[PDB]
Amino acid sequence: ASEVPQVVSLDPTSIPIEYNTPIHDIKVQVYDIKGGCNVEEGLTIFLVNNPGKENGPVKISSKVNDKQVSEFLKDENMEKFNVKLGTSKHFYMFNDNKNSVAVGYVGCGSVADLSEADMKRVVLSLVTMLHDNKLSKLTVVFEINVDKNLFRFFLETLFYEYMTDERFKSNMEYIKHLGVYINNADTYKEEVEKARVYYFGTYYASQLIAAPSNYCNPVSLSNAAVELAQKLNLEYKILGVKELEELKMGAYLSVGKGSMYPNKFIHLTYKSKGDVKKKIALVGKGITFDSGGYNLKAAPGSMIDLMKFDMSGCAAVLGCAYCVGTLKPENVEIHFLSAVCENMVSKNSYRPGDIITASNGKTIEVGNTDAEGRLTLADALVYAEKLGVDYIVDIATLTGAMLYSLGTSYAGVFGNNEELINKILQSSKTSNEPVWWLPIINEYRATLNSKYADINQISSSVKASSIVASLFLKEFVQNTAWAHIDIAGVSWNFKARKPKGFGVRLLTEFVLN
Amino acid sequence: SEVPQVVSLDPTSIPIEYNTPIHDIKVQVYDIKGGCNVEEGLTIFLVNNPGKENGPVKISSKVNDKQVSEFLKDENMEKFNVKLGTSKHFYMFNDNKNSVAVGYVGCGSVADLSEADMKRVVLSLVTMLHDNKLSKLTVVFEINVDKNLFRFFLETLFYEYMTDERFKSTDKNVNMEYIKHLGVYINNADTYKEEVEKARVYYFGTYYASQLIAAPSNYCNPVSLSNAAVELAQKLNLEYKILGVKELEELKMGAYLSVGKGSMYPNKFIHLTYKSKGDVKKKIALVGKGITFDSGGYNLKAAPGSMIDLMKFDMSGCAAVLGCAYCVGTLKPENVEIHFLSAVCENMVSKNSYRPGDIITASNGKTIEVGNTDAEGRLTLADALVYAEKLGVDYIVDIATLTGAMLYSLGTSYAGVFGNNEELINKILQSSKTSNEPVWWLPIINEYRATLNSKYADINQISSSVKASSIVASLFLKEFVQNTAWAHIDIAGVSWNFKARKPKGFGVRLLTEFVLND
Amino acid sequence: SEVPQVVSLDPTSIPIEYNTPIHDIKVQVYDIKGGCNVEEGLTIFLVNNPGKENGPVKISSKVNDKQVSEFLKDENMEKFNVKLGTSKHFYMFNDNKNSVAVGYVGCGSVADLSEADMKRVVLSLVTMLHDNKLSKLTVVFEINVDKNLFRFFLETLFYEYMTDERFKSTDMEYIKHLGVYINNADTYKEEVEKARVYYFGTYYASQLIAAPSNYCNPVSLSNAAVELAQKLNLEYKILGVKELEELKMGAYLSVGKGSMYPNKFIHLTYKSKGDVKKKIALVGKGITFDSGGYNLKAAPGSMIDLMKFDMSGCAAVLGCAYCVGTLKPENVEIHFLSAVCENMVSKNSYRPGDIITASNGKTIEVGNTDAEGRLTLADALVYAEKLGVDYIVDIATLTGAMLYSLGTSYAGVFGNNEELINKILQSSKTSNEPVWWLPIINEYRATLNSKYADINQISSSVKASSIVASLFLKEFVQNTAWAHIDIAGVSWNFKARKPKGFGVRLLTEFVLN
Ligand SMILES: CC(C)(C)C(=O)N[C@@H](C(=O)NO)c1ccc(-c2cc(F)c(F)c(F)c2)cc1
Ligand SMILES: CC(C)(C)C(=O)N[C@@H](C(=O)NO)c1ccc(-c2cc(F)c(F)c(F)c2)cc1
Ligand SMILES: CC(C)(C)C(=O)N[C@@H](C(=O)NO)c1ccc(-c2cc(F)c(F)c(F)c2)cc1
Ligand SMILES: [Zn+2]
Ligand SMILES: [Zn+2]
Ligand SMILES: [Zn+2]
Ligand SMILES: [Zn+2]
Ligand SMILES: [Zn+2]
Ligand SMILES: [Zn+2]
């Protein structure tokens, strides 16, 4: 660990992290729905739809072993409510044994197959009830059709949205039990503890992102990665400035010049006990705060107050490290990499127009100091290819233009290898973290031709900045299958005012399958 | 039919050139194994060097002239290299003691030239045709191209060679002269021969669309554009129908009509039809956005970078569809019925204009809340799409300069395609490949549909405020196709060639290939 | 003179090319009478057609090669036209069966070419040189140029031909001979080696300007100026912060407060060997990077990435120092001055509103930290006048408004003395570096009346910024002929993405004549 510098003694010197969450204490049981439902304790919620009849009435089919609840659930009562996606109702009542129970439903629409976005709305409705609930148990009865991956997604999302981050603070009570009624329960049981792992990986990423830039800086973040590595028995190595200078990472070092925090390059490694048959490098953009540099984020809508999230790529990679270190896949070697620094305004900062030299010898003309992500990634990519891996995948809050292309739901993936892109797309499908394949259009490459340097950092005209940024990155991968995931648009949940932890499950599914 | 005028100097028709100098070029194709005759004009060798970047020039073709062959020997040609786009001129006397001009264009070190690579080659060749009064060009192929690429070479050569001087008066090019003969030497020539006149057909459809787009909004208005479409239909003996305002009112096209309310030109709905003789296997509706000028309306294009002076381009989709109509009407495909549609109007600022906040009713009965008058294109398309589905077709493909956000997603080279049907989308991509007009599949993300939920109307026209506009606009259009395979091509970013300051006529070849191979 | 570094990869000197391939070109000038020989390389005829716009090409010169004469016959050349900048060139065998290239550049239909026309002609010529491997270029003048325009042709040819590759790393063959056919060749021969000197003075200035702000800083620029002085046997003196504090240069020192590089005042001196009959101070604005300071260049179109060019005035002066030091004019004493610093954002920077005191005791109210040029020039001008000189001429990238007045071609000249101004205009005509006289309007002076300080730095309303800035500078020259050349609009060739080196030949012609 390294000592993080302070301006005043009241400046924090570590990131507060919660490992043991109330979610981990929840005992989960899955029952088959064919046998009927037991309603004796806590809150019971039926997931109900009505195919064909848009906003049609609620109808409960499951038999329950309680006379009081059976009467409440009768068709004449339930038809007073409708299945409009996200709509919920729940009532408190006494059961046959005169114990207080709560019974309700969440509408799941009129389409039999729920998208991940549909399922998310269902969960949010459920969580709203939970945040006003003090009962010890929740039972969810699936009277809809979900596959194994979507059911795991249901649990992951439920766990993630339920949990509230109160680290920076100075009603309800977390349930101790979760019951689930679903068809062929036995096949869904193995998803439960996988969901719990995917949850924390995602929530851990969220904690790092949500942590403000005075708490989460290059030194405190690399410190956290070390502590994580030690807990998971991963090989770890933090490269300091002197080492970085020796490796000649001029692009990455240039970005951090104006920061009071020294650059820290995070390198964690998972190695399988058995034969190593595939080597992967995961690269996360790790800007702990993006002020923009001398190209300061002062334009309307530039949202400088959001830019603690510019290390979301790093967070996703570290979150994946947790999942991989916990699930311990076989026959694989994975490197978790992040060139961490802070982009600030100072007498010491790099300037627009500056020509800097990357670790592969390429000279780069800086057109915009706020395009700093690709500079750090450039040296990180050179570092990764030197490891001699089969796949290189980077993930980064790289370009604001993603907001105008795919939006806030789908991340974009670019690459030099169709097979690798396909694996990512497949991983997106099974993780239910949506990604869309975007092209690297070679005709735009000429725009990066610098008059004085080997290459330009940005275009002056093209405006297709996400593609141009990909073209720049491609110049630092010489002979390895490489993919690039731009999560600038999808990383932050603007409506809920919190991170998503996007990427963790996607990257984990990628290495596992 | 009568174009309204403000003053007598206002034009009442779009000047259109049908018989171009390109059509006067006699094209001959010879097989390269017979040897090349170098007699006159300019003879250009298309040469590459596989694996050797900036490799030396070597003329592998048999040249049927002792003097020219001597000139083109490897020893003499070594000094020149094949760097993609590079070119050289040679001057010499042939065996008949006549002075002849010879040269080459470098095609690089790749074995397969891409879309952009070949256009680079053609542009280099065109520079050799400009500022040189030549009567004949001979092109010798020493690179390998498939039939579609050979056709693409000719189409692009014709299109770039052609110079549009319709609006020139005192500044016509005094030295403008076109070759009268084109010679082509290539391996297995008989295979490529049929591609020649197809290329000339593809050239004009593209150039015709280009003429309509380039034509300024005072020349090209809803009345004169619909008048041009009738003249085209009459020339091709296609069925044609133009729907006037009273007919449009009967069909209750409130979305389309509201957009044109502020204009001095009455709305004109174009409906051309190609009908194959015999069994019709496929019925297709092609829909083009036909905004002759987009001021933005009361949401005026006044913001920095909004490029209001470009907005004559906003009927590029309609132009593409009409260009396709020329190609289809000329090549006469079998087993198909094609409907060429465009809801044409002008988006202007007036006492009569539609307002931000207005609730209008589309022809399928859905009420629409206008949040931005500058999103007028999807409004006209909405009624056009409803009209299209009433025709009972198998495929509906619309093409439109719809969202500026395409510049930020795919840029100026690739068009975006959206749709409700994977098979149709795949056919569009296939047509993209064979036409060499690049298109990329983009998603219609259903999670964003909620943002189009209106407090008062059935649906919001736009925004508040997803930012992924191209997708939101596609979601809106989807609401007006109920049960028909539909695809949407946003060409807002690729329609105009900013570098050359001219239209591309994008989509004509794409749509034609779609029709011809479906 | 030790350049401070943030990281070990930060450059500590400006790379400079002194020996260029241009200097290895052997120039021969022949009279057009007696005919032209075409034996090898590329031969280009400069042709116009006064009778017809875009008229046919017609070669008038007798060529002593029959094969080439056949090529140049009227029937062949009339297929080509003389539109300015249009060119064609063909490869062929001459009488000796040696490969030669012969062509032309269109020179339009106006008998007398302007400097803008001639530059277009040269650019067409250079395109051919860059695209052909040639040991020799021959140019045949079938147009009319005077001695100054001919030199300009050579200077421009040399400058545009030369390619700056100092910052190229890892992402050939110049001509060795130049032949010129022209009527009355003997009167043009003496322009050749003068042109070569003017070329490098201009190219040397270009090298300094093009060099990014991380390479070119106040310390390395002053170091570079010393190296130049040593090679030319000029007296030199670099004033450091202690000395500047002693000289009370508060305006100059305030600007550099926020930089990591100490202020460095450059003072080079050329003195003729004989009696000194004229003393001249040339003053160049030397801002190595202009971020704008706390008035950050953040507005759209402010082009902060261009701002390495803000020492262009200094570079022109140093480039002039090369030419003067090489050509060694008689009975003159020339001082080359530049108050070099960097305008940055820091805890240490000067603020908007700060009241500072120039070396002549005048207190100045800073209204805008991005108007820093006039503040550095203020102390530089006071320094210059104390040298007891006859003329003071400053050259500076001072005001962006120049783009709106004269544009990108003509610099503006302001002054307090009509004789000096007319001399500069005369030097503009002979150097072919276009300048236009603009007024110092005394009615605007009242806008600089500060409420608290002696004077305002900027006007709060009078949008005539170039004139207002001239009024400010005028306050720091008390009793000396002074002129001010604003090159903010002309210094950078935006189309070619490179500096012009504007001002070197202008200032040198001023000293020489
Ligand atoms: C426009 C340039 C090329 C400067 C760019 O993409 N900059 C990105 C950047 O700063 N990289 O280090 C960038 C990244 C994200 C965002 C962004 C801004 C918002 F207001 C958002 F809500 C968001 F999700 C992303 C904007 C610019
Ligand atoms: C921002 C909204 C959603 C209103 C939009 O996309 N409007 C488009 C429109 O006016 N439809 O009728 C629109 C279409 C094209 C462009 C556009 C602007 C430019 F400066 C270009 F260079 C260009 F190619 C397209 C901008 C907005
Ligand atoms: C508007 C003020 C008075 C602050 C001003 O002229 N500032 C100049 C300055 O920064 N002095 O230190 C200034 C100088 C040059 C430019 C300038 C900007 C561009 F984008 C150009 F392309 C250019 F040629 C000059 C703009 C402002
Ligand atoms: Zn940034
Ligand atoms: Zn960033
Ligand atoms: Zn519009
Ligand atoms: Zn429009
Ligand atoms: Zn400034
Ligand atoms: Zn300045």
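Quick note: numbers below take in every heavy atom, side chains included, and nothing from hydrogens, waters or symmetry partners. First the proteins, then the strands, lettered A, B, ... as listed; each starts at 1.
By the 30° and 60° cut-offs, the orientation of the rings of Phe90(C) relative to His89(B) is tilted.
With sequence neighbours left out, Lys88(C) forms a salt bridge (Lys or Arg N to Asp or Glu O under 4.0 Å) with no residue at all. The ring pair (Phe, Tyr, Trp, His ring centres under 6.0 Å) search around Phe167(B) returns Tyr219(B), not counting sequence neighbours.
With hydrogens and angles ignored, the 3.5 Å screen pairs no side-chain donor or acceptor of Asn54(C) with any backbone N or O of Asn173(B).
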Open item on the list: Pair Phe93(B), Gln67(C) - check side-chain contact (heavy atoms from CB on, under 4.5 Å), show working.
Closed with: CA-CA 10 Å; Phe93(B) 288 93; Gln67(C) 298 296 320; 4.0 Å; yes
- [ ] Could you go through the side-chain contact (heavy atoms from CB on, under 4.5 Å) check for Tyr91(B) and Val102(C) one step at a time?
- [x] CA-CA 10 Å; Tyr91(B) 175 87; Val102(C) 189; over 6 Å; no
TODO: Please test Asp131(B) against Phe80(C) for side-chain contact (heavy atoms from CB on, under 4.5 Å), starting from the C-alpha separation and ending with a verdict.
DONE: CA-CA 6 Å; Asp131(B) 297 303; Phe80(C) 312 130; over 6 Å; no
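Between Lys79(B) and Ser99(C) the shortest side-chain heavy-atom distance falls below 4.5 Å.
Contact annotation for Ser87(B): neither backbone nor side-chain heavy atoms come within less than 4.5 Å of a heavy atom of chain C.
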